[PDB]
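Undergrad: Would you mind keeping the following structure in view while I ask a few things?
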Amino acid sequence: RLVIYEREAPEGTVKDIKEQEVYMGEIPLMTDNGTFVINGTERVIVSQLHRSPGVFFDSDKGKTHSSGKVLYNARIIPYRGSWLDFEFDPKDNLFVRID
Amino acid sequence: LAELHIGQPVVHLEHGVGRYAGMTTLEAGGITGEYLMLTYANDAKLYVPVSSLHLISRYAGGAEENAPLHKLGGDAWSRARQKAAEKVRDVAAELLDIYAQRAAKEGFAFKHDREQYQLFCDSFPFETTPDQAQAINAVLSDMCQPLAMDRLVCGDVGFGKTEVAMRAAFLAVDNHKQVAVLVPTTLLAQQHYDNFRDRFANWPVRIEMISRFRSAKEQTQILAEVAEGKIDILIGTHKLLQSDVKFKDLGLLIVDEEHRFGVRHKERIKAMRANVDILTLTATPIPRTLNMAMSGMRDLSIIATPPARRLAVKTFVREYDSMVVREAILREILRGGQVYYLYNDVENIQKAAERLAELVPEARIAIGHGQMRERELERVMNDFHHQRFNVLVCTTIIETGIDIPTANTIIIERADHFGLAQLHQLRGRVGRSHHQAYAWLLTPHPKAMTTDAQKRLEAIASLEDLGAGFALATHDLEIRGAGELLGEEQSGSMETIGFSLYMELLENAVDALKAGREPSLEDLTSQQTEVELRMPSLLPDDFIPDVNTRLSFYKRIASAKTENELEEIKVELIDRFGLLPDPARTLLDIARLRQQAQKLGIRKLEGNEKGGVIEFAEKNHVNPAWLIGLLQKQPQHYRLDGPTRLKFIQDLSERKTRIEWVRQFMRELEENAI
Amino acid sequence: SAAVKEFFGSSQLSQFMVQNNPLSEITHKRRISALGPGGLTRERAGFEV
RNA sequence: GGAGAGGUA
DNA sequence: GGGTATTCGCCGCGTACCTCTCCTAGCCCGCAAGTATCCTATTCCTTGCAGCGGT
DNA sequence: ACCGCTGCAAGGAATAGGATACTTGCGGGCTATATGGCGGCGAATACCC
């Protein structure tokens, strides 16, 4: 549904409006079992087991920096967007790492 | 029933024509406004605001069977608009000279006689029907006004249409304006000449014919008398179009049966005399001329209420059948009347009469066609007029309006290649009296019939009732279509934009001939005032269910020019309807606001939650000193926006507060107005 | 059509369905993978995962 | 020819 | 400025086989396909000019 | 040998049909946007003494 907004009329305006039922895409359907058919060679999509978006407080259990020091870092992992990391430097600093 | 049928073709100038598809509301930024559905090709849905209702008209091309659904963005409407505008250029010398003398010259006024006209009323040996008496009143009053009169007398056949003409001619010869009547046929020309000489058998009025029955010297004498103007009523065929008739004083032109003339001819006669009072007569017009008839650039008049005993002629959509010819001819002859037999083939009319003469031994048969000697055809009509023979093997020359009330049976042996209005005029050849009229239309085999006379025959059969002359006319429009509004080819769509568009192109041509505005000053888009305060303002659908009433009331809102119109609109709404809605009362007040701005200059207004902008006019009444006083006393609320605009900053949160501020605001404007 | 037909056609997870048993059909419609987009790779993951 | 997917040892 | 130290980018990270599917996006240009409209017939109505008797 | 009259072509209206260039959907045939892995190692910087 497409509008025309009257430019000379102020913020919040309609001169005209149109719509049509436009065809788009070719989405495959699912059989009565669950098989899809792509080219007569019925495939199936498995379920991915990916880590949940959210926040995760993680460490390095005396494993890095040769010091026996744990480095508590944290991830803001969105479902879409850029990853935000906050990591403790060995000298007790706090660092942002973006993606 | 002249607007807003669903699915009916309906036109918008930007995009072309579509079909009406309802009315609904839509939310488009907090304003759930009312918009109309228009369907185009590939199901293009266009939703139209109620403010922009005037961009929508009825399709004037008819074309109800098939009309062009302009696909959206197809640009064919734009191309046709540009082509029409090229035709609508004000350099067009076909009618802009008429509009120049419309802007420079005037017409004659007939004077009425209250006394001598009664003598010719008593010379009328019948009783006028009520529907024809008002036609006489409309004709004669329009004669008695100074403009160049132009009226159509499109009535049913044999209803005394000649009587309205002779009354108009009697008023004209009471001023001696040298009446010029015009029929497209020598035969009914001679018939009307006999009518004139018999009816006007008392007055010192000279009634003469120029036609082919007057010779190259007799008609020469008669045109010489026309040039000396001593003829008071002139009767002629297309002989009058030969640039050779020159009235010393022409005041009244009476066109009869314009459907066969051609607009080239109708303007050929028109361009001679400027202030002539044009009179037009028919039984059925051309659909192009019918469209300009109902749209009212010129006058319209329908005749009904038959004089004595006119009847529903029995339409016979029958096959070509010899026994049908036998039964028709015998039943007509025992009735006592005469028979028409249309053939329309001169190369075989002699053979058709030769076979039909022995095919009905009890008939008296001659031959009539327009490709033999005109005095021989005069002998033929002398015999058939004086009942000397019953069955007439003839071409379509009998479609020349010949009266002959004794004839009550017509047989058209081949109904293939004849228009429907012509079929009705041939149906008007039988009847005209108390005796029953039959209308036999012999056809070939229905597969070998036609592609169109199937439609024509189902039209001519389903339509047999009182008042069907305009019903068949409204069939004729949208089976053959309205042609070009100025040029030729009156049958066909001919890129039919609409006669409403002739208004706007003519007024833009008026702007062009105003000598200060160009054709480039083509005011195609003229909202001419616009205000917005950003509320949903509608006729609510649960409040108003009928879209027809809703759009009509929207037209009342549009046509509202004073506050008392608004008052009567609101009280009829409360009367017939009860409740007074919020958006309804709002838009009433908005129309009131537009009335104020038109009364008080204001080209444009914009309003919102925080204020808006005013766009003034030049020839206005806005107080400048009070305005700058307003500025210097509330600089917080106001700033200049150009020399003719003004941004006002107002805490316009509540919708009522907006209403009050604008109301009292233009009240303040109206107080100290300059 | 590209971004759907390519997802169903050539992805690491829209895989061919082994169909020599009813059982293999059933257990291949309830597989739970860890691979593909948004997840780790096969040859470069440790032991704890 | 090269990618991807699954599988055996 | 020199030892230390930190980063940091590059290097690498099993063999042989088998089964399957899938391999550039978009733009341009003309090229077939379908169409409204215009020149060609036919065969009513008035014109126009030449035959034409007749003297 | 001079003129008014007949008739046979010349040009508008109304209707069938074939043509024909417009108008356009298409398909082949071209050009040109990240985020789950560690261990080591040497080379480039960081740094204060």
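Residue numbers (the authors' numbering), protein chains in the order written: chain A, 101 to 199; chain B, 474 to 1147; chain C, 499 to 547. Backbone N, C-alpha and C define an ideal beta-carbon position, used for all residues, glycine too.
Taking the runs of the beta strand (DSSP E) that are 3 residues or longer, which of them lie wholly in the region 122-180 of chain A?
TA: Taking only runs of at least 3 residues, the beta strand (DSSP E) segments lying wholly in the region 122-180 of chain A are 143-145, 154-158, 173-177.
Undergrad: Can you check whether the C-beta of A:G125 is within less than 8 Å of a C-beta belonging to chain C?
TA: Within the first sequence, residue 125 of chain A is the residue found at index 25, counting from 1. Taking Cβ atoms only, chain C reaches closer than 8 Å to A:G125, which makes this a yes.
Undergrad: State buried or exposed for A:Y172, treating a residue as buried only when at least 16 other CB atoms are found within 10 Å of its CB.
TA: Residue mapping note: residue 172 of chain A aligns to position 72 of the first sequence, counting from 1. Under this definition A:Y172 is an exposed residue.
Undergrad: Tell me the DSSP bridge mates of B:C867?
TA: As a working mapping, residue 867 of chain B is identified with position 394 in the second sequence. DSSP lists B:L815, B:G841 as partners of B:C867.
Undergrad: Can you grab the Cα-Cα spacing for the pair B:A766 / B:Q664, in whole Å?
TA: For the purposes of this step, residue 766 of chain B is identified with residue 293 of the second sequence, where counting begins at 1. For the purposes of this step, residue 664 of chain B is identified with residue 191 of the second sequence, where counting begins at 1. Distance between the alpha carbons of B:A766 and B:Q664: 28 Å.
Undergrad: A:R143 CB to nearest chain C CB: under 8 Å?
TA: Within the first sequence, residue 143 of chain A is the residue found at index 43, counting from 1. Closer than 8 Å to some Cβ of chain C, the Cβ of A:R143 qualifies, so yes.
Undergrad: Which class does B:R1112 belong to by DSSP, given the choice of helix, strand or coil?
TA: As a first step, residue 1112 of chain B must be located in the second sequence, where it is residue number 639. Three-state DSSP puts B:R1112 in a strand.
Undergrad: Could you please give me the residues that DSSP links to B:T879 through a beta bridge?
TA: Taking the first residue of the second sequence as position 1, residue 879 of chain B is located at position 406. DSSP lists no partner for B:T879.
Undergrad: Short of 7 Å in beta carbon distance, which residues of its chain neighbour B:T710, apart from the five on each side in sequence? Order them along the chain.
TA: By 1-based counting over the second sequence, the position of residue 710 of chain B is 237. Result list for B:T710: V656, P657, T658, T659, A662, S684, in chain order.
Undergrad: Name the residues in the region 126-138 of chain A whose C-beta lies less than 9 Å from a C-beta of chain C; which are they?
TA: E126, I127, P128, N133, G134, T135, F136, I138
Undergrad: If you reduce the DSSP assignment to three classes, tell me which class B:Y911 lands in.
TA: If you number the second sequence from 1, residue 911 of chain B lands on position 438. If DSSP states are grouped into helix, strand and coil, B:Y911 belongs with the strands.
Undergrad: Of all the CB atoms in chain A, is at least one closer than 8 Å to the CB of C:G544?
TA: One-based indexing of the third sequence puts residue 544 of chain C at position 46. Not closer than 8 Å to any Cβ of chain A, the Cβ of C:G544 fails to qualify, so no.
Undergrad: Going by DSSP, which residues form a beta bridge with C:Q513?
TA: If you number the third sequence from 1, residue 513 of chain C lands on position 15. Paired residue(s): A:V144.
Undergrad: Which of the three DSSP states is assigned to A:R107 in this structure?
TA: Position 7 of the first sequence, counting from 1, holds the residue named residue 107 of chain A. The answer is coil: DSSP assigns A:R107 none of H, G, I, E or B.
Undergrad: Just reading off the alpha helix (DSSP H) that C:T525 is part of, what are its end residues?
TA: Taking the third sequence and counting its residues from 1, the one referred to as residue 525 of chain C is at position 27. 520-527 is the span of the alpha helix (DSSP H), which, as asked, contains C:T525.
Undergrad: Distance check for B:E730 and B:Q898, CA to CA, integer angstroms please.
TA: Locating residue 898 of chain B in the second sequence gives position 425, where the first residue counts as 1. Locating residue 730 of chain B in the second sequence gives position 257, where the first residue counts as 1. Each residue's alpha carbon lies about 11 Å from the other.
Undergrad: So is B:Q555 buried or exposed if we call it buried at 16+ other beta carbons inside 10 Å?
TA: Taking the first residue of the second sequence as 1, we reach residue 555 of chain B at position 82. By the neighbour-count criterion, in which 16 or more other beta carbons inside 10 Å mark a residue as buried, B:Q555 falls on the exposed side.
Undergrad: Measure from the alpha carbon of B:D516 to the alpha carbon of each residue in B:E537, B:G503, B:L542, then state which is nearest.
TA: Reading the second sequence from its first residue, position 43 is the one you call residue 516 of chain B. Out of B:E537, B:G503, B:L542, the CA that lies nearest to the CA of B:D516 is found in B:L542.
Undergrad: Entirely within the region 1025-1057 of chain B and at least 4 residues each: give me those alpha helix (DSSP H) ranges in chain order.
TA: 1036-1050
Undergrad: Would you say A:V146 faces chain C, with C-beta separation under 8 Å as the test?
TA: The residue labelled residue 146 of chain A in the question sits at position 46 within the first sequence. Closer than 8 Å: yes.
Undergrad: Is it right to say B:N863 is buried, meaning 16 or more other beta carbons lie within 10 angstroms of its own, or is it exposed?
TA: Residue mapping note: residue 863 of chain B aligns to position 390 of the second sequence, counting from 1. Buried.
Undergrad: Nearest to B:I727 by CA position, among B:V637, B:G503, B:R1118, is which residue?
TA: Within the second sequence, numbered from 1, the residue matching residue 727 of chain B stands at position 254. Just measuring C-alpha positions, the residue of B:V637, B:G503, B:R1118 sitting nearest B:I727 is B:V637.
Undergrad: Closest to B:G904 by CA distance: which of B:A747, B:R782, B:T505 is it?
TA: Here the question's residue 904 of chain B lines up with position 431 in the second sequence. Of B:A747, B:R782, B:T505, the residue nearest in Cα terms is B:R782.
Undergrad: Just checking: is the beta-carbon of C:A500 within a distance shorter than 8 Å of some beta-carbon in chain A?
TA: Counting from 1 along the third sequence, the entry for residue 500 of chain C is found at position 2. With 8 Å as the cut-off, C:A500 does not count as an interface residue toward chain A.
Undergrad: From the DSSP output, read off the bridge partner residues of B:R624.
TA: For the purposes of this step, residue 624 of chain B is identified with residue 151 of the second sequence, where counting begins at 1. Beta-bridge pairing links B:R624 to B:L752.
Undergrad: Between the alpha carbons of A:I198 and A:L184, how many angstroms are there, rounded?
TA: Taking the first sequence and counting its residues from 1, the one referred to as residue 198 of chain A is at position 98. Taking the first sequence and counting its residues from 1, the one referred to as residue 184 of chain A is at position 84. Their Cα atoms are separated by approximately 5 Å.
Undergrad: Going by the beta-carbon positions, is the gap between B:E1091 and B:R1118 smaller than 8 Å?
TA: As a position in the second sequence, residue 1091 of chain B is number 618, starting the count at 1. As a position in the second sequence, residue 1118 of chain B is number 645, starting the count at 1. Cβ distance not < 8 Å, so B:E1091 and B:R1118 don't count as in contact.
Undergrad: Any C-beta of chain B sitting closer than 8 Å to the C-beta of A:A109?
TA: Along the first sequence, read from residue 1 onward, the residue named residue 109 of chain A stands at position 9. Chain B contact via Cβ: present.
Undergrad: Where does B:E1088 sit, in a helix, a strand or coil, going by DSSP?
TA: Residue mapping note: residue 1088 of chain B aligns to position 615 of the second sequence, counting from 1. DSSP places B:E1088 in the strand class (E or B) of the three-state scheme.
Undergrad: Let me know the secondary structure DSSP gives B:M510 once reduced to three states.
TA: Taking the second sequence and counting its residues from 1, the one referred to as residue 510 of chain B is at position 37. B:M510 falls in the strand class under three-state DSSP.
Undergrad: Under 8 Å, do B:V678 and B:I706 count as touching if we go by C-beta distance?
TA: For this step, residue 678 of chain B is matched to residue 205 along the second sequence. For this step, residue 706 of chain B is matched to residue 233 along the second sequence. Yes, the Cβ-Cβ distance between B:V678 and B:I706 is below 8 Å.
Undergrad: Indicate the three-state DSSP secondary structure (helix, strand or coil) for B:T693 in the structure shown.
TA: The residue given as residue 693 of chain B occupies position 220 in the second sequence. B:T693 falls in the helix class under three-state DSSP.
Undergrad: So the beta strand (DSSP E) B:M682 belongs to, where does it begin and stop?
TA: Counting from one through the second sequence, the residue named residue 682 of chain B turns up at place 209. Residues 680-683.
Undergrad: Just curious, the alpha helix (DSSP H) that B:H585 is in, first and last residue?
TA: Counting from one through the second sequence, the residue named residue 585 of chain B turns up at place 112. Neither: B:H585 is in no alpha helix (DSSP H) and is coded neither H nor E.
Undergrad: Would you identify the three-state DSSP class for B:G1102, choosing helix, strand or coil?
TA: For the purposes of this step, residue 1102 of chain B is identified with residue 629 of the second sequence, where counting begins at 1. B:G1102: helix per DSSP, three-state reduction.
Undergrad: CB-CB under 6 Å to B:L936, same chain, minus the five flanking residues each way: which ones, in chain order?
TA: By one-based count along the second sequence, residue 936 of chain B stands at place 463. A944, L945, listed in sequence order.
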